[PDB]
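> Input structure: data39.pdb, which contains PDB, N, CA and C atoms.
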ATOM      1  N   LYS R   1       0.858  -1.168   0.000  1.00  0.00           N
ATOM      2  CA  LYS R   1       0.000   0.000   0.000  1.00  0.00           C
ATOM      3  C   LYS R   1       0.906   1.233   0.000  1.00  0.00           C
ATOM      4  N   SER R   2       0.477   2.323  -0.643  1.00  0.00           N
ATOM      5  CA  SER R   2       1.266   3.546  -0.690  1.00  0.00           C
ATOM      6  C   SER R   2       1.432   4.117   0.723  1.00  0.00           C
ATOM      7  N   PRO R   3       2.489   4.902   0.996  1.00  0.00           N
ATOM      8  CA  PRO R   3       2.621   5.656   2.236  1.00  0.00           C
ATOM      9  C   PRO R   3       1.321   6.362   2.639  1.00  0.00           C
ATOM     10  N   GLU R   4       0.609   6.932   1.666  1.00  0.00           N
ATOM     11  CA  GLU R   4      -0.683   7.568   1.869  1.00  0.00           C
ATOM     12  C   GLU R   4      -1.725   6.591   2.415  1.00  0.00           C
ATOM     13  N   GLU R   5      -1.834   5.421   1.789  1.00  0.00           N
ATOM     14  CA  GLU R   5      -2.755   4.393   2.244  1.00  0.00           C
ATOM     15  C   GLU R   5      -2.361   3.955   3.651  1.00  0.00           C
ATOM     16  N   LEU R   6      -1.064   3.748   3.869  1.00  0.00           N
ATOM     17  CA  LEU R   6      -0.520   3.377   5.159  1.00  0.00           C
ATOM     18  C   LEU R   6      -0.807   4.434   6.221  1.00  0.00           C
ATOM     19  N   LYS R   7      -0.750   5.716   5.871  1.00  0.00           N
ATOM     20  CA  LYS R   7      -1.197   6.790   6.748  1.00  0.00           C
ATOM     21  C   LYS R   7      -2.674   6.625   7.071  1.00  0.00           C
ATOM     22  N   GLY R   8      -3.494   6.428   6.041  1.00  0.00           N
ATOM     23  CA  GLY R   8      -4.924   6.194   6.202  1.00  0.00           C
ATOM     24  C   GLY R   8      -5.177   5.079   7.221  1.00  0.00           C
ATOM     25  N   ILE R   9      -4.489   3.956   7.032  1.00  0.00           N
ATOM     26  CA  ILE R   9      -4.512   2.787   7.899  1.00  0.00           C
ATOM     27  C   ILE R   9      -4.063   3.175   9.311  1.00  0.00           C
ATOM     28  N   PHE R  10      -2.885   3.781   9.435  1.00  0.00           N
ATOM     29  CA  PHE R  10      -2.358   4.245  10.704  1.00  0.00           C
ATOM     30  C   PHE R  10      -3.439   5.030  11.457  1.00  0.00           C
ATOM     31  N   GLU R  11      -4.022   6.025  10.784  1.00  0.00           N
ATOM     32  CA  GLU R  11      -5.057   6.877  11.342  1.00  0.00           C
ATOM     33  C   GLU R  11      -6.267   6.043  11.753  1.00  0.00           C
ATOM     34  N   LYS R  12      -6.782   5.196  10.853  1.00  0.00           N
ATOM     35  CA  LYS R  12      -7.881   4.275  11.130  1.00  0.00           C
ATOM     36  C   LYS R  12      -7.667   3.588  12.476  1.00  0.00           C
ATOM     37  N   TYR R  13      -6.557   2.864  12.610  1.00  0.00           N
ATOM     38  CA  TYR R  13      -6.383   1.991  13.757  1.00  0.00           C
ATOM     39  C   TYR R  13      -6.048   2.797  15.008  1.00  0.00           C
ATOM     40  N   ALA R  14      -5.236   3.843  14.873  1.00  0.00           N
ATOM     41  CA  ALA R  14      -4.931   4.749  15.973  1.00  0.00           C
ATOM     42  C   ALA R  14      -6.227   5.353  16.530  1.00  0.00           C
ATOM     43  N   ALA R  15      -6.963   6.037  15.654  1.00  0.00           N
ATOM     44  CA  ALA R  15      -8.233   6.670  15.968  1.00  0.00           C
ATOM     45  C   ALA R  15      -9.224   5.669  16.565  1.00  0.00           C
ATOM     46  N   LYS R  16      -9.210   4.412  16.100  1.00  0.00           N
ATOM     47  CA  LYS R  16     -10.090   3.379  16.629  1.00  0.00           C
ATOM     48  C   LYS R  16      -9.938   3.236  18.148  1.00  0.00           C
ATOM     49  N   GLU R  17      -8.717   3.380  18.682  1.00  0.00           N
ATOM     50  CA  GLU R  17      -8.536   3.478  20.126  1.00  0.00           C
ATOM     51  C   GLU R  17      -8.948   4.873  20.578  1.00  0.00           C
ATOM     52  N   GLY R  18      -8.346   5.885  19.956  1.00  0.00           N
ATOM     53  CA  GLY R  18      -8.654   7.272  20.252  1.00  0.00           C
ATOM     54  C   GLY R  18      -7.491   8.168  19.854  1.00  0.00           C
ATOM     55  N   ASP R  19      -6.291   7.863  20.359  1.00  0.00           N
ATOM     56  CA  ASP R  19      -5.094   8.619  20.012  1.00  0.00           C
ATOM     57  C   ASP R  19      -4.906   8.549  18.493  1.00  0.00           C
ATOM     58  N   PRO R  20      -4.906   9.674  17.764  1.00  0.00           N
ATOM     59  CA  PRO R  20      -4.821   9.650  16.313  1.00  0.00           C
ATOM     60  C   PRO R  20      -3.387   9.462  15.806  1.00  0.00           C
ATOM     61  N   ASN R  21      -2.401   9.922  16.580  1.00  0.00           N
ATOM     62  CA  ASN R  21      -1.022  10.080  16.148  1.00  0.00           C
ATOM     63  C   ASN R  21      -0.126   8.917  16.553  1.00  0.00           C
ATOM     64  N   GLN R  22      -0.579   8.071  17.483  1.00  0.00           N
ATOM     65  CA  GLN R  22       0.250   7.074  18.138  1.00  0.00           C
ATOM     66  C   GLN R  22      -0.526   5.755  18.276  1.00  0.00           C
ATOM     67  N   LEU R  23       0.043   4.632  17.816  1.00  0.00           N
ATOM     68  CA  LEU R  23      -0.562   3.310  17.904  1.00  0.00           C
ATOM     69  C   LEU R  23      -0.062   2.565  19.145  1.00  0.00           C
ATOM     70  N   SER R  24      -0.974   2.021  19.956  1.00  0.00           N
ATOM     71  CA  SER R  24      -0.618   1.069  20.999  1.00  0.00           C
ATOM     72  C   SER R  24      -0.416  -0.303  20.349  1.00  0.00           C
ATOM     73  N   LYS R  25       0.000  -1.292  21.151  1.00  0.00           N
ATOM     74  CA  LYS R  25       0.127  -2.656  20.672  1.00  0.00           C
ATOM     75  C   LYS R  25      -1.178  -3.136  20.046  1.00  0.00           C
ATOM     76  N   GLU R  26      -2.328  -2.776  20.620  1.00  0.00           N
ATOM     77  CA  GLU R  26      -3.594  -3.350  20.191  1.00  0.00           C
ATOM     78  C   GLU R  26      -3.981  -2.821  18.821  1.00  0.00           C
ATOM     79  N   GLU R  27      -3.886  -1.506  18.659  1.00  0.00           N
ATOM     80  CA  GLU R  27      -4.067  -0.893  17.357  1.00  0.00           C
ATOM     81  C   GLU R  27      -3.126  -1.549  16.346  1.00  0.00           C
ATOM     82  N   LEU R  28      -1.833  -1.689  16.675  1.00  0.00           N
ATOM     83  CA  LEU R  28      -0.929  -2.415  15.790  1.00  0.00           C
ATOM     84  C   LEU R  28      -1.401  -3.826  15.520  1.00  0.00           C
ATOM     85  N   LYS R  29      -1.855  -4.542  16.531  1.00  0.00           N
ATOM     86  CA  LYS R  29      -2.254  -5.920  16.354  1.00  0.00           C
ATOM     87  C   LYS R  29      -3.405  -6.008  15.373  1.00  0.00           C
ATOM     88  N   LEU R  30      -4.423  -5.173  15.559  1.00  0.00           N
ATOM     89  CA  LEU R  30      -5.575  -5.176  14.669  1.00  0.00           C
ATOM     90  C   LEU R  30      -5.176  -4.729  13.258  1.00  0.00           C
ATOM     91  N   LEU R  31      -4.364  -3.672  13.173  1.00  0.00           N
ATOM     92  CA  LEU R  31      -3.774  -3.191  11.929  1.00  0.00           C
ATOM     93  C   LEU R  31      -3.109  -4.350  11.200  1.00  0.00           C
ATOM     94  N   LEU R  32      -2.150  -4.982  11.870  1.00  0.00           N
ATOM     95  CA  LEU R  32      -1.374  -6.079  11.321  1.00  0.00           C
ATOM     96  C   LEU R  32      -2.327  -7.207  10.928  1.00  0.00           C
ATOM     97  N   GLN R  33      -3.190  -7.655  11.838  1.00  0.00           N
ATOM     98  CA  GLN R  33      -4.157  -8.713  11.579  1.00  0.00           C
ATOM     99  C   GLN R  33      -4.943  -8.460  10.293  1.00  0.00           C
ATOM    100  N   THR R  34      -5.417  -7.230  10.105  1.00  0.00           N
ATOM    101  CA  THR R  34      -6.219  -6.897   8.935  1.00  0.00           C
ATOM    102  C   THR R  34      -5.359  -6.803   7.669  1.00  0.00           C
ATOM    103  N   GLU R  35      -4.315  -5.972   7.710  1.00  0.00           N
ATOM    104  CA  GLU R  35      -3.571  -5.543   6.538  1.00  0.00           C
ATOM    105  C   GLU R  35      -2.366  -6.436   6.231  1.00  0.00           C
ATOM    106  N   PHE R  36      -1.723  -6.981   7.263  1.00  0.00           N
ATOM    107  CA  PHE R  36      -0.466  -7.715   7.172  1.00  0.00           C
ATOM    108  C   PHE R  36      -0.388  -8.832   8.224  1.00  0.00           C
ATOM    109  N   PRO R  37      -1.249  -9.858   8.155  1.00  0.00           N
ATOM    110  CA  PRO R  37      -1.375 -10.849   9.217  1.00  0.00           C
ATOM    111  C   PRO R  37      -0.072 -11.615   9.472  1.00  0.00           C
ATOM    112  N   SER R  38       0.779 -11.744   8.453  1.00  0.00           N
ATOM    113  CA  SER R  38       2.086 -12.362   8.544  1.00  0.00           C
ATOM    114  C   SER R  38       2.930 -11.668   9.611  1.00  0.00           C
ATOM    115  N   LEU R  39       3.037 -10.345   9.489  1.00  0.00           N
ATOM    116  CA  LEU R  39       3.930  -9.491  10.262  1.00  0.00           C
ATOM    117  C   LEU R  39       3.692  -9.561  11.774  1.00  0.00           C
ATOM    118  N   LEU R  40       2.535 -10.065  12.212  1.00  0.00           N
ATOM    119  CA  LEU R  40       2.319 -10.403  13.622  1.00  0.00           C
ATOM    120  C   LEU R  40       3.475 -11.259  14.164  1.00  0.00           C
ATOM    121  N   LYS R  41       4.000 -12.146  13.312  1.00  0.00           N
ATOM    122  CA  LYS R  41       5.127 -13.022  13.564  1.00  0.00           C
ATOM    123  C   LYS R  41       6.347 -12.584  12.746  1.00  0.00           C
ATOM    124  N   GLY R  42       6.114 -12.327  11.458  1.00  0.00           N
ATOM    125  CA  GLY R  42       7.136 -12.086  10.456  1.00  0.00           C
ATOM    126  C   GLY R  42       8.029 -10.907  10.824  1.00  0.00           C
ATOM    127  N   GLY R  43       9.337 -11.058  10.608  1.00  0.00           N
ATOM    128  CA  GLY R  43      10.318 -10.032  10.928  1.00  0.00           C
ATOM    129  C   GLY R  43      10.618 -10.033  12.425  1.00  0.00           C
ATOM    130  N   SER R  44       9.588  -9.905  13.257  1.00  0.00           N
ATOM    131  CA  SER R  44       9.668 -10.007  14.694  1.00  0.00           C
ATOM    132  C   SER R  44       8.264 -10.291  15.215  1.00  0.00           C
ATOM    133  N   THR R  45       8.152 -11.086  16.278  1.00  0.00           N
ATOM    134  CA  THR R  45       6.895 -11.285  16.973  1.00  0.00           C
ATOM    135  C   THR R  45       6.396  -9.937  17.491  1.00  0.00           C
ATOM    136  N   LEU R  46       5.080  -9.718  17.457  1.00  0.00           N
ATOM    137  CA  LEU R  46       4.394  -8.451  17.685  1.00  0.00           C
ATOM    138  C   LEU R  46       5.017  -7.637  18.806  1.00  0.00           C
ATOM    139  N   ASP R  47       5.240  -8.289  19.938  1.00  0.00           N
ATOM    140  CA  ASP R  47       5.728  -7.619  21.128  1.00  0.00           C
ATOM    141  C   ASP R  47       7.127  -7.049  20.904  1.00  0.00           C
ATOM    142  N   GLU R  48       7.993  -7.834  20.267  1.00  0.00           N
ATOM    143  CA  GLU R  48       9.336  -7.403  19.933  1.00  0.00           C
ATOM    144  C   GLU R  48       9.269  -6.365  18.817  1.00  0.00           C
ATOM    145  N   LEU R  49       8.412  -6.612  17.822  1.00  0.00           N
ATOM    146  CA  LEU R  49       8.195  -5.695  16.718  1.00  0.00           C
ATOM    147  C   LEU R  49       7.836  -4.317  17.263  1.00  0.00           C
ATOM    148  N   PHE R  50       6.905  -4.264  18.213  1.00  0.00           N
ATOM    149  CA  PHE R  50       6.484  -3.033  18.862  1.00  0.00           C
ATOM    150  C   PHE R  50       7.693  -2.262  19.388  1.00  0.00           C
ATOM    151  N   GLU R  51       8.536  -2.921  20.191  1.00  0.00           N
ATOM    152  CA  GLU R  51       9.750  -2.302  20.707  1.00  0.00           C
ATOM    153  C   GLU R  51      10.628  -1.782  19.564  1.00  0.00           C
ATOM    154  N   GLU R  52      10.869  -2.628  18.561  1.00  0.00           N
ATOM    155  CA  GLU R  52      11.684  -2.271  17.404  1.00  0.00           C
ATOM    156  C   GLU R  52      11.137  -1.044  16.670  1.00  0.00           C
ATOM    157  N   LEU R  53       9.817  -0.957  16.516  1.00  0.00           N
ATOM    158  CA  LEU R  53       9.175   0.162  15.856  1.00  0.00           C
ATOM    159  C   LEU R  53       9.242   1.420  16.720  1.00  0.00           C
ATOM    160  N   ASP R  54       9.029   1.272  18.026  1.00  0.00           N
ATOM    161  CA  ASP R  54       9.015   2.344  19.021  1.00  0.00           C
ATOM    162  C   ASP R  54      10.420   2.930  19.263  1.00  0.00           C
ATOM    163  N   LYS R  55      11.077   3.425  18.211  1.00  0.00           N
ATOM    164  CA  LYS R  55      12.414   3.997  18.286  1.00  0.00           C
ATOM    165  C   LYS R  55      12.500   5.142  19.297  1.00  0.00           C
ATOM    166  N   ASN R  56      11.439   5.947  19.401  1.00  0.00           N
ATOM    167  CA  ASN R  56      11.395   7.062  20.342  1.00  0.00           C
ATOM    168  C   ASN R  56      11.310   6.595  21.803  1.00  0.00           C
ATOM    169  N   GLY R  57      10.975   5.323  22.044  1.00  0.00           N
ATOM    170  CA  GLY R  57      11.079   4.723  23.365  1.00  0.00           C
ATOM    171  C   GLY R  57       9.994   5.149  24.354  1.00  0.00           C
ATOM    172  N   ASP R  58       8.889   5.763  23.909  1.00  0.00           N
ATOM    173  CA  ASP R  58       7.792   6.073  24.818  1.00  0.00           C
ATOM    174  C   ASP R  58       6.982   4.810  25.113  1.00  0.00           C
ATOM    175  N   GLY R  59       6.875   3.934  24.112  1.00  0.00           N
ATOM    176  CA  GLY R  59       6.098   2.713  24.153  1.00  0.00           C
ATOM    177  C   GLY R  59       5.301   2.633  22.863  1.00  0.00           C
ATOM    178  N   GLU R  60       4.336   3.537  22.702  1.00  0.00           N
ATOM    179  CA  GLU R  60       3.425   3.515  21.572  1.00  0.00           C
ATOM    180  C   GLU R  60       4.130   4.084  20.339  1.00  0.00           C
ATOM    181  N   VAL R  61       3.682   3.696  19.146  1.00  0.00           N
ATOM    182  CA  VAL R  61       4.406   3.931  17.905  1.00  0.00           C
ATOM    183  C   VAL R  61       3.782   5.082  17.102  1.00  0.00           C
ATOM    184  N   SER R  62       4.546   6.143  16.815  1.00  0.00           N
ATOM    185  CA  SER R  62       4.098   7.248  15.968  1.00  0.00           C
ATOM    186  C   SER R  62       4.155   6.850  14.494  1.00  0.00           C
ATOM    187  N   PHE R  63       3.477   7.604  13.622  1.00  0.00           N
ATOM    188  CA  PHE R  63       3.537   7.357  12.185  1.00  0.00           C
ATOM    189  C   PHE R  63       4.964   7.460  11.648  1.00  0.00           C
ATOM    190  N   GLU R  64       5.782   8.338  12.232  1.00  0.00           N
ATOM    191  CA  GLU R  64       7.144   8.507  11.778  1.00  0.00           C
ATOM    192  C   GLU R  64       7.939   7.234  12.073  1.00  0.00           C
ATOM    193  N   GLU R  65       8.025   6.833  13.343  1.00  0.00           N
ATOM    194  CA  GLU R  65       8.813   5.655  13.688  1.00  0.00           C
ATOM    195  C   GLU R  65       8.185   4.373  13.110  1.00  0.00           C
ATOM    196  N   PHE R  66       6.856   4.341  12.951  1.00  0.00           N
ATOM    197  CA  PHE R  66       6.150   3.300  12.204  1.00  0.00           C
ATOM    198  C   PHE R  66       6.758   3.083  10.810  1.00  0.00           C
ATOM    199  N   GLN R  67       7.372   4.100  10.187  1.00  0.00           N
ATOM    200  CA  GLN R  67       8.060   3.893   8.912  1.00  0.00           C
ATOM    201  C   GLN R  67       9.121   2.786   8.978  1.00  0.00           C
ATOM    202  N   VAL R  68       9.662   2.460  10.159  1.00  0.00           N
ATOM    203  CA  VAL R  68      10.542   1.303  10.324  1.00  0.00           C
ATOM    204  C   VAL R  68       9.853   0.019   9.829  1.00  0.00           C
ATOM    205  N   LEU R  69       8.527  -0.075   9.964  1.00  0.00           N
ATOM    206  CA  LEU R  69       7.788  -1.244   9.517  1.00  0.00           C
ATOM    207  C   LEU R  69       7.790  -1.220   7.995  1.00  0.00           C
ATOM    208  N   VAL R  70       7.472  -0.068   7.405  1.00  0.00           N
ATOM    209  CA  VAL R  70       7.434   0.096   5.961  1.00  0.00           C
ATOM    210  C   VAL R  70       8.811  -0.208   5.358  1.00  0.00           C
ATOM    211  N   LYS R  71       9.883   0.219   6.028  1.00  0.00           N
ATOM    212  CA  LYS R  71      11.243  -0.155   5.677  1.00  0.00           C
ATOM    213  C   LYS R  71      11.375  -1.679   5.644  1.00  0.00           C
ATOM    214  N   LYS R  72      11.046  -2.346   6.747  1.00  0.00           N
ATOM    215  CA  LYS R  72      11.033  -3.808   6.804  1.00  0.00           C
ATOM    216  C   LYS R  72      10.238  -4.433   5.646  1.00  0.00           C
ATOM    217  N   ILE R  73       9.046  -3.912   5.344  1.00  0.00           N
ATOM    218  CA  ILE R  73       8.256  -4.369   4.200  1.00  0.00           C
ATOM    219  C   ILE R  73       9.082  -4.228   2.920  1.00  0.00           C
ATOM    220  N   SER R  74       9.656  -3.044   2.710  1.00  0.00           N
ATOM    221  CA  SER R  74      10.478  -2.746   1.543  1.00  0.00           C
ATOM    222  C   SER R  74      11.635  -3.740   1.425  1.00  0.00           C
ATOM    223  N   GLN R  75      12.272  -4.065   2.551  1.00  0.00           N
ATOM    224  CA  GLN R  75      13.231  -5.157   2.609  1.00  0.00           C
ATOM    225  C   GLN R  75      12.498  -6.468   2.316  1.00  0.00           C
TER     226      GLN R  75
END
If you took the structure in this file and wrote it as structure tokens, what would it be?


Amino acid sequence: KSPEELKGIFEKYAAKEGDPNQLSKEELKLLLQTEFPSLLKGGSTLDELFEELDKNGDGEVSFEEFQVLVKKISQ
């Protein structure tokens, strides 16, 4: 999906919890389950993936640091 579509997705799942800008594990899980069910395991198991994506180290994943996932996809 284009970065734009991925933004749309990011917003969808983020907003589904409430926070528009930042995904928790659950938003990621549902996101991944719907759009990329492999990636729940693939590359890294969800919990580890979350840490890997959360470069800023707050816990929850912003659209910017979420680009690490898109990088992984590109790889």

> Enter the distance from atom N of residue 4 (chain R) to atom N of residue 48 (chain R), in Å, rounded to one decimal.

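One can read the atom N of residue 4 (chain R) to atom N of residue 48 (chain R) distance as 24.9 Å.
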
> Tell me which of R:24, R:12, R:38, R:57 sits closest to residue 73 (chain R), counting only C-alpha atoms.

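Closest candidate: R:38.
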
> Could you check how far atom C of residue 25 (chain R) sits from atom N of residue 74 (chain R), in Å to one decimal?

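Here the two named atoms are 20.4 Å from each other.
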
> Quick check, in Å to one decimal: how far apart do CA of residue 61 (chain R) and atom C of residue 75 (chain R) lie?

20.4 Å

> Please identify all polymer residues within 6 Å of region 26-37 of chain R, counting only N, CA and C atoms, omitting same-chain residues fewer than 3 positions from it, and present them as JSON, numbers by chain.

{"R": [13, 14, 23, 40, 41]}

> Centre and edge lengths of an axis-aligned box around all listed atoms of region 24-39 of chain R, with 5 Å added on each side, are to be given in Å to one decimal, as JSON.


{"center_x": -1.1, "center_y": -5.2, "center_z": 13.7, "size_x": 20.1, "size_y": 24.4, "size_z": 24.9}

> Please extract the residues of region 2-55 of chain R with a backbone DSSP assignment of helix (DSSP H, G or I) and present them as number ranges by chain.

R: 3-17, 25-35, 37-40, 46-53

> Using only N, CA and C atoms, can you list as a CSV table (one decimal) with N, CA and C atoms, keeping the file's coordinate frame the residues within 5 Å of (7.6, -0.6, 24.0)?


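selection.csv, written as the output of this step:
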chain,number,residue,atom,x,y,z
R,50,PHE,N,6.9,-4.3,18.2
R,50,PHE,CA,6.5,-3.0,18.9
R,50,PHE,C,7.7,-2.3,19.4
R,51,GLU,N,8.5,-2.9,20.2
R,51,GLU,CA,9.8,-2.3,20.7
R,51,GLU,C,10.6,-1.8,19.6
R,59,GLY,N,6.9,3.9,24.1
R,59,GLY,CA,6.1,2.7,24.2
R,59,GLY,C,5.3,2.6,22.9

> With all atoms listed in the file as the counted atoms, please give the residues lying no more than 8 Å from region 65-68 of chain R, apart from itself and same-chain residues fewer than 4 positions off, as a PyMOL selection string.

chain R and resi 52-56+60-61+72-74

> Restricted to N, CA and C atoms, what would the selected residues look like written as an mmCIF file, keeping the file's coordinate frame?


data_model
loop_
_atom_site.group_PDB
_atom_site.id
_atom_site.type_symbol
_atom_site.label_atom_id
_atom_site.label_comp_id
_atom_site.auth_asym_id
_atom_site.auth_seq_id
_atom_site.Cartn_x
_atom_site.Cartn_y
_atom_site.Cartn_z
ATOM 1 N N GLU R 52 10.869 -2.628 18.561
ATOM 2 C CA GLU R 52 11.684 -2.271 17.404
ATOM 3 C C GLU R 52 11.137 -1.044 16.670
ATOM 4 N N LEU R 53 9.817 -0.957 16.516
ATOM 5 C CA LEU R 53 9.175 0.162 15.856
ATOM 6 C C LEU R 53 9.242 1.420 16.720
ATOM 7 N N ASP R 54 9.029 1.272 18.026
ATOM 8 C CA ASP R 54 9.015 2.344 19.021
ATOM 9 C C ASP R 54 10.420 2.930 19.263
ATOM 10 N N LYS R 55 11.077 3.425 18.211
ATOM 11 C CA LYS R 55 12.414 3.997 18.286
ATOM 12 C C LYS R 55 12.500 5.142 19.297
ATOM 13 N N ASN R 56 11.439 5.947 19.401
ATOM 14 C CA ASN R 56 11.395 7.062 20.342
ATOM 15 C C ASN R 56 11.310 6.595 21.803
ATOM 16 N N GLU R 60 4.336 3.537 22.702
ATOM 17 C CA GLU R 60 3.425 3.515 21.572
ATOM 18 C C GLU R 60 4.130 4.084 20.339
ATOM 19 N N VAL R 61 3.682 3.696 19.146
ATOM 20 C CA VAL R 61 4.406 3.931 17.905
ATOM 21 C C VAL R 61 3.782 5.082 17.102
ATOM 22 N N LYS R 72 11.046 -2.346 6.747
ATOM 23 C CA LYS R 72 11.033 -3.808 6.804
ATOM 24 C C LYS R 72 10.238 -4.433 5.646
ATOM 25 N N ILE R 73 9.046 -3.912 5.344
ATOM 26 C CA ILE R 73 8.256 -4.369 4.200
ATOM 27 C C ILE R 73 9.082 -4.228 2.920
ATOM 28 N N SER R 74 9.656 -3.044 2.710
ATOM 29 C CA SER R 74 10.478 -2.746 1.543
ATOM 30 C C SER R 74 11.635 -3.740 1.425
#

> Could you find all residues in chain R that DSSP calls strand (DSSP E) from the backbone, and write them as an MDAnalysis selection string?

chainID R and resid 22:23 61:62

> For those residues, write N, CA and C atoms to a file as a compact mmCIF listing (two decimals), in the coordinates of the input.


# COMPACT_ATOMS: atom_id res chain seq x y z
N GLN R 22 -0.58 8.07 17.48
CA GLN R 22 0.25 7.07 18.14
C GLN R 22 -0.53 5.76 18.28
N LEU R 23 0.04 4.63 17.82
CA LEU R 23 -0.56 3.31 17.90
C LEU R 23 -0.06 2.56 19.14
N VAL R 61 3.68 3.70 19.15
CA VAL R 61 4.41 3.93 17.90
C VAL R 61 3.78 5.08 17.10
N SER R 62 4.55 6.14 16.82
CA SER R 62 4.10 7.25 15.97
C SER R 62 4.16 6.85 14.49
